[PDB]
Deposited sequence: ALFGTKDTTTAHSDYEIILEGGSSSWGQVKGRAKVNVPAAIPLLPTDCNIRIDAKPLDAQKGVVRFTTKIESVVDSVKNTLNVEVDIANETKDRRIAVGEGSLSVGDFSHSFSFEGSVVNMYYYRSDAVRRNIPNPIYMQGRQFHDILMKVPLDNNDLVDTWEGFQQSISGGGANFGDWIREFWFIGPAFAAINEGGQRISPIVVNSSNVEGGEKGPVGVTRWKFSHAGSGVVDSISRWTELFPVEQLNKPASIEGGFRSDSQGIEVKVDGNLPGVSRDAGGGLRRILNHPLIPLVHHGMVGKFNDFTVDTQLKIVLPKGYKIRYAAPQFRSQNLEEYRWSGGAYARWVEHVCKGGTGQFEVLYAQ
């Protein structure tokens, strides 16, 4: 009855490049867990080297129970140092007949708890890295409508010590709250450094917060890897969409970006370690209907390269094309769709 069907493919560049074409599609006839359905959404992310600044753009469109929403954001981003990154951007959103814009500037500092060479040198592929990452943000929003004015007013009301504590249940709406802990993540109370109305009027807020993780949170544990600006030698982009309702879900992703593979040391490369948050959080919705898997993965290496290690083992190979399907691989698929994080490692070399 219930079969999840999906197909993935990755085509890698070789040489120095970490770039890969990634394609994914899935279809499964189970209800989505969204308490308002149908829900559809499309997203697209582009990143282009400006000059080491990256202009990163996002556009998101969705319809939730027939209501249309959008979000657009364009941000320039750059690292000041290995621990500190800055961004400046602007964007807007719309929900049905309402919309508003914003602009902001910010800084983020990532900090690992307690780096040690004893670890560095003994663990070939480290995974959990605990740390805390501090956000400092300045944002402005034109109060060009009564809702905005109204909302700014109520915030000012609320803005004592409870404010920055209690805001958390407001910010991580619905099931988002509960996911924080599931990820071994933590969100600090927020601190408002200032809040004012500037010349129409603009509401301007300066505030901060930090989030931490015990190692599963990839945003902290893989801070540098997740922003591979040094390989961004041409535009990258990724697009995805899903349609979902009480009968099924289907989804398509396609993109071209760097970071798909990574040096693994000793002449070898790997497909990058699977990010853990996506597994753990999708693990919260993946266990609601039993299903069988009808899945395939195709990996096409760059010319001349061969897979040196794969567990689960690929099923077939020809020249640079490798395919996985059935067996342990299908068991792994099921496992990860339900929230499992077992390693599926693929190393290759020339």
Exercise for the section: Numbering from 1, run down the deposited sequence and write out every stretch that has no C-alpha in the structure. Expected result: 1-7, 59-61, 170-172, 213-215
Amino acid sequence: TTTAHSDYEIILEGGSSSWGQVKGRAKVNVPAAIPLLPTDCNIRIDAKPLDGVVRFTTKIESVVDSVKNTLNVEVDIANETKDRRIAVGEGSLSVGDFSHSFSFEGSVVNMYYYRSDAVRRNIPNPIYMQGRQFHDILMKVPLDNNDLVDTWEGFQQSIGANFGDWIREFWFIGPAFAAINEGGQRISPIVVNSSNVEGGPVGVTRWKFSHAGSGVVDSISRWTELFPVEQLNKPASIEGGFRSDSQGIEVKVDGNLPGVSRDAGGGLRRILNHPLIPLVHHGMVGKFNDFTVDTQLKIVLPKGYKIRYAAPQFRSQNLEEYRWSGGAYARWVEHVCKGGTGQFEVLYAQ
From here on, numbers count along this sequence of modelled residues.
Exercise for the section: Pick between 329-337 and 16-24: the one whose mean CA B-factor in the entry is higher. Expected result: 16-24
Practice task
With reference to the PDB entry, specify whether the mean Cα temperature factor is higher for 85-93 or for 218-226.
Solution key: 85-93
Completion exercise
Among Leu279, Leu232, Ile173, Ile238, highest Cα B-factor in the entry goes to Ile238
Exercise for the section: Select one of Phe288, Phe291, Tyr305, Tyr322: the residue whose C-alpha shows the highest B-factor in the crystal structure entry. Expected result: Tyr305
Problem - Lowest, middle or highest third - CA B-factor, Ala212 - result: lowest
Completion exercise
In terms of its chain's C-alpha B-factors, the third that includes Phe314 is the lowest
Handout entry: Position of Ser194 among the chain's modelled residues by C-alpha B-factor, lowest, middle or highest third
Key = middle
Fill in the blank from the handout: Chain thirds by Cα B factor, record data; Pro31 belongs to the lowest
Handout entry: CA B-factor placement of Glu61, once the chain's modelled residues are sorted into thirds
Key = middle
